[PDB]
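Below you'll find the structure, written out as structure tokens, and then a few comments.
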Amino acid sequence: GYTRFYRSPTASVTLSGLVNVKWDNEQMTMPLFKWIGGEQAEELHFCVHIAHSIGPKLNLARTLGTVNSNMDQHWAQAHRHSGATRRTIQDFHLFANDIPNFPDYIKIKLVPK
């Protein structure tokens, strides 16, 4: 399922045991990804799905682009394949914290391709 990635510059999470996530910078305009799953024979690809909190079709996951098992040396932006793929985090990706005054989060998960 989805992992909460909090909108706090120090937030960092791991997705599916394979991919570490952090913010690009302090304005938190997008997440960055690094493969931490160790060596793969063939290159493996994953869609990074993201939930919407408001607006149309809330049960439909959107995509940030793809990450792969070769993004293992440097932090990477998701690789975008459509012009429709949002590059930056928007208000419609944000969920209010369970506890008032603590940060919002986005919901992201890896989907094998």
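Starting from 1, each residue takes its place in the sequence as its number.
- Under the side chain to side chain donor-acceptor pair (under 3.5 Å) criterion, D72 pairs with no residue at all, not counting sequence neighbours.
- Every side chain to side chain donor-acceptor pair (under 3.5 Å) that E43 has, sequence neighbours left out, goes to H45, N70.
- Heavy atoms from other residues, nucleotides or ligands lying under 6.0 Å from CG of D91 number 12 at most.
- With sequence neighbours excluded, the residues forming a side chain to side chain donor-acceptor pair (under 3.5 Å) with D98 are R4, listed by chain and number.
- In this structure, the side-chain contact (heavy atoms from CB on, under 4.5 Å) partners of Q90, at least two apart in sequence or on a different chain, are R86, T88, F92, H93.
- Pairing each heavy atom of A78 with each of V67, the nearest pair is CA-CG1, 4.2 Å.
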Review item, side-chain donor-acceptor pairs of residues 99-108, under 3.5 Å, at least two apart:
none

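- Residue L58 is found outside any hydrophobic cluster, as its side-chain heavy atoms come under 4.5 Å of no other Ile, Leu, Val, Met, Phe, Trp or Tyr.
- Of all the heavy atoms in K34 and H74, the pair that sits closest is CE-C, 4.0 Å.
- The two atoms that bring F33 and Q77 nearest to each other are CD1-C, 4.5 Å, heavy atoms only.
- In terms of the side-chain contact (heavy atoms from CB on, under 4.5 Å) criterion, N59 has no residue partners (sequence neighbours excluded).
- Sorted by first then second residue, the salt bridge (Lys or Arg N to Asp or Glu O under 4.0 Å) pairs that include residues 19-32, not counting sequence neighbours, number zero.
- By the ring-ring contact (aromatic ring centres under 6.0 Å, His included) test, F5 is found to be paired with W23, residues two or more places apart in sequence or in another chain being considered.
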Practice item. Under the side-chain contact (heavy atoms from CB on, under 4.5 Å) rule, what do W35 and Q40 come out as? Steps first, then yes or no, please. Key: CA-CA 10 Å; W35 186 260; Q40 300 305 315; 3.8 Å; yes
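- Minimum heavy-atom separation, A51 to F95: CB-CZ, 4.0 Å.
- Evaluation of the side-chain contact (heavy atoms from CB on, under 4.5 Å) rule for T66 yields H79, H81, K113 as partners, not counting sequence neighbours.
- Note on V21 and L44: same hydrophobic cluster, where clusters join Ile, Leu, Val, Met, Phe, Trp and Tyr whose side-chain heavy atoms are under 4.5 Å apart, directly or indirectly.
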Just list the side-chain donor-acceptor pairs under 3.5 Å for residues 7-20, sequence neighbours left out, or say none.
| residue | atom | partner | partner atom | Å |
| --- | --- | --- | --- | --- |
| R7 | NH1 | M28 | O | 2.5 |
| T14 | OG1 | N20 | OD1 | 2.6 |

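- Proximity of a side-chain donor or acceptor of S53 to a complementary backbone N or O of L94 within less than 3.5 Å is detected.
- Applying the side-chain contact (heavy atoms from CB on, under 4.5 Å) test to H49 and every residue at least two apart in sequence or in another chain returns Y2, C47, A61, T63, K109, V111.
- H52 contributes atom NE2, which lies 4.0 Å from atom CZ of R62 (distance to the nearest 0.5 angstrom).
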